[PDB]
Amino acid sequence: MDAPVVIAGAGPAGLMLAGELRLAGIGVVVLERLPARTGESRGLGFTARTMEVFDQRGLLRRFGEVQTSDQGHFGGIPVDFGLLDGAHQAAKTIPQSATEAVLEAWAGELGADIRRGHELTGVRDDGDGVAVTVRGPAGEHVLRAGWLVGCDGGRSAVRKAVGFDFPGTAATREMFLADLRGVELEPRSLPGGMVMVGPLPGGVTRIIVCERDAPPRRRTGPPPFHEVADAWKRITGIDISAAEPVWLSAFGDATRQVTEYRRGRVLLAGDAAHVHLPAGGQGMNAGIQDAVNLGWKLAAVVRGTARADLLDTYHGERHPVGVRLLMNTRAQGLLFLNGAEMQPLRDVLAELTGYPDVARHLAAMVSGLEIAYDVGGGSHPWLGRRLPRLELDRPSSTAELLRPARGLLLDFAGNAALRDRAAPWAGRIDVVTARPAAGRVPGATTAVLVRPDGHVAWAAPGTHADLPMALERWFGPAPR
């Protein structure tokens, strides 16, 4: 055994997963094909939920001051996100290159074995372990591990070598993205195609080129600038061929998702599990959020404290999130790429987005705060959902207590009787008697059991199963 867990890929997903595992004292080897981070800006910022999970690991202070923005929108149609509490899109200026840099520094200091320059070329499941063929700076060797996780992007080697079913719709077009230095472009339903224009920090202009009736090309592959410039000039009639390319990329509208996130001792996360239209503002957030769901569960299984059905909750909870992720990205794409044939439907929708019922509903889709797992029956509003950041009188917060990434039993009523019911699971969770003071708290909530990912598994009152059942379910068997 070279490590309990091997992760292929050091993007946002793999790096977050490595951090989540290391927090739980698990040994993890990360295989990254690239010798360094690309430094691609890609998307700017991340959703409210992603900001919340960073805060749960004390990673927010590492970005400096982030700027919130309730200026959200859906498929080009402007929507107010302030109508739903805390759904504000955030970090609108923080590029993925910076987020990757923060995460890789975080994983490394935690003891992640990040081996850059190593490419996964093969994998077989021994049933009781996984054999991983690797190509590194010396040559081709073989690592073996308890579990393999594929966080190796949309072209995932792991996915193909294990034989995951990857259904969906193929690409119907090609689009261009270009960050440009040296042109004055104004932030804009013309024929020939659609175009988006926006500014970036440091005098950089970001353009999106979606020409009408453009064919989907398999790329290696950064696009040649002149090909992007001619596509642009064909649509807008503005010559930009004398600009300076900061970064160019080509992408398709292909959307696919693995039928199962788990095959034996091999799991998938991020773009490896779900691929979709990159310019939709959800991908990185989905990969980081997949990693936070799986990390503490995979950790418990390795330690042997987990119940036999825990690891399967990764697929159980995250696959529906992925389905809804593809629906969201596909729907927004239609309102974006298609020309005037989609305009009447764009208009009808634009007439509905003023109604606060609609605004809140669309905001919850994008922010990712609508995410609600099935964790059992109960009338409590938090059950299966994220625990919102509460500030506790003890001077700590729920986000701060979740930094070690262990389960929390929060005791608000100072009840000695339920603290004794939790006794067998001592060492697996922390019992914290404190007073909520932030503090959106429903009805007469006296206690709440919080999963390491921040999701509420149980809550008094309003949960069918009682505390010992919820504890056994999410934190494993304990002789009683």
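Numbering starts at 1 and follows the sequence shown.
In the deposited sequence, the stretch from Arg144 to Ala145 has no residues without coordinates, so the chain runs on without a break. Where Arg394 is followed by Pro395 in the displayed chain, the model omits 1 to 3 of the deposited residues that sit between the two. The stretch 84-92 shows the higher mean C-alpha B-factor when 84-92 is compared against 198-206 in the entry. Judged by mean Cα B factor in the deposited record, 212-220 ranks above the other of 281-289 and 212-220. In the deposited coordinates, the residue among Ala101, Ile114, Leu325, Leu337 with the greatest CA B-factor is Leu337.
Across the residues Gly27, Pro424, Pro436, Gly454, the deposited record lists the maximum Cα B factor for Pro436. Sort the chain's modelled residues by C-alpha temperature factor and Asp165 lands in the middle third, per the entry. The PDB entry assigns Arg124 a C-alpha temperature factor belonging to the highest third of its chain's modelled residues. Per the PDB record, residue ranking by Cα B-factor puts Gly354 in the middle third of the chain. Per the PDB record, residue ranking by Cα B-factor puts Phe63 in the middle third of the chain.
Among the modelled residues of its chain, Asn415 has a C-alpha B-factor that falls in the highest third according to the deposited record.
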